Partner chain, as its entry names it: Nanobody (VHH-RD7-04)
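First comes one chain, alone, set out as C-alpha cells in the form deposited without the partner chain.
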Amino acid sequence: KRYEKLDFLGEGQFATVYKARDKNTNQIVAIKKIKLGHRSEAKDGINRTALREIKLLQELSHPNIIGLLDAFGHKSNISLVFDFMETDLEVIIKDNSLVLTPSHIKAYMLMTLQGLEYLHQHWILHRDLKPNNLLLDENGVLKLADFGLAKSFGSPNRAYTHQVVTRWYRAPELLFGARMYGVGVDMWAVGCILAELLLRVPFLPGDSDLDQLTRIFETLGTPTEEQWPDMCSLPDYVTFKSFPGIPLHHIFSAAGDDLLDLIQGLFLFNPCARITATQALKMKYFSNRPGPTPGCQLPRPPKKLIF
C-alpha cells in the first residue's frame, strides 16, 4: 500500500521504468525497477549501478539534478523512486514542430551549466551527458539524470572501470583512453549538446571511436602540441592526418560572436584549458541580450489501395 503502478514508461538493459503514485500525497513518481541481469550475476548481490545511483543521489540536492524520492526494495528486487519527468532534451531537439529561438537555447544551456556547476563543486563527474539524459518537467526545469555512470573525481590513484558515454558526446581525451580526467569530459559533452541545439542534428555522429576521432579532427582541426601539450602520451593515441578544420562561423552561421567564443572555449582540445562550468556561466554570452527563456515559456512537445 505504497505505490500504485499505473503505467509503463520505458524499458532498458539495466532496468524497467514505470509510473506510479505515492498513495500518501498522491504524487506522481517514476519507479525504476532494477533487473536481475544474467544468471551469472545472481551471486553478486544488488546491482552496482543501482547502488551507485542511490549513493550519489542521496548526497546531492540541486534544482537541476534529479531527486531520488525513495529507494524501497523487495529483497528479490530493488526499486528506485524519482520525480516524474515529462520529456527530455532529445525529444525537443528531434521535434520539428517547435522552433528553438536563441532564448530557448540560452535557457537550456543555463540550466545544464548550473546543474553541472553544482555537480562539479561536489567533485562528481556525470560522465553520461547527452540530450536524453537532460530530463524536463511540466514546469520546464531541466534536470541531469542517469547517474549510473557518475563517479567522484579529484582523489589521485583512483582509476577504475572504463565506463564511458556514447561516442557522439565523448571527449577526445576519453577517445584516446585517458584514465584520469576532470570536468573537461562533461564540458565537451556540453559543447556537443549546444552544437546539437544549434544544428538540430548530432554534431559529430561517428559510427566508431576511430571514425569519431576522424570527424572531430575534420570539423575542428587536428590539434598540434601547442594546443594539447601531452596528446601523444595517452594510452590509445594514434596519429591523424593534419586536417585544417572548418572555421566556426561557417558551421554556425546564425551564431553570434559571444556564442562563437563560448563554443570555441567548450571545444578546446586541451582539457586543462577547456572552460569550466563556472567559467562558462561568467561568459558574455549568458549576460548578453536577450535573456534566457523562463521555464514556463519553454516549448513543450502515401496511398490506399482500392480493392
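Residue numbers count along the first chain shown, from 1.
Just so it is clear, the following notes concern the form solved in complex with the partner chain, a form of the same protein that is not shown.
Student: Is there a heavy atom of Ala254 no more than 4.5 Å from a heavy atom of the partner chain in the deposited bound form?
Tutor: No, no contact at 4.5 Å.
Student: Counting only non-hydrogen atoms and a 4.5 angstroms cut-off, does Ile65 reach the partner chain in the deposited bound form?
Tutor: Taking the distances in the deposited bound form, the answer for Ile65 is no, it never comes within 4.5 Å of the partner chain.
Student: Consider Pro229 of the chain shown here, and say whether it contacts the partner chain in the deposited bound form, taking contact as heavy atoms within 4.5 Å.
Tutor: Flag for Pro229 set to yes.
Student: Quick check on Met283: any heavy atom within 4.5 Å of the partner chain in the deposited bound form?
Tutor: Yes - in the deposited bound form, heavy atoms of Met283 and the partner chain come within 4.5 Å of each other.
Student: Heavy atoms within 4.5 Å of the partner chain in the deposited bound form: which of the stretches 193 to 201, 219 to 227, 134 to 142, 81 to 89 has them?
Tutor: Only one stretch qualifies here: 219 to 227.
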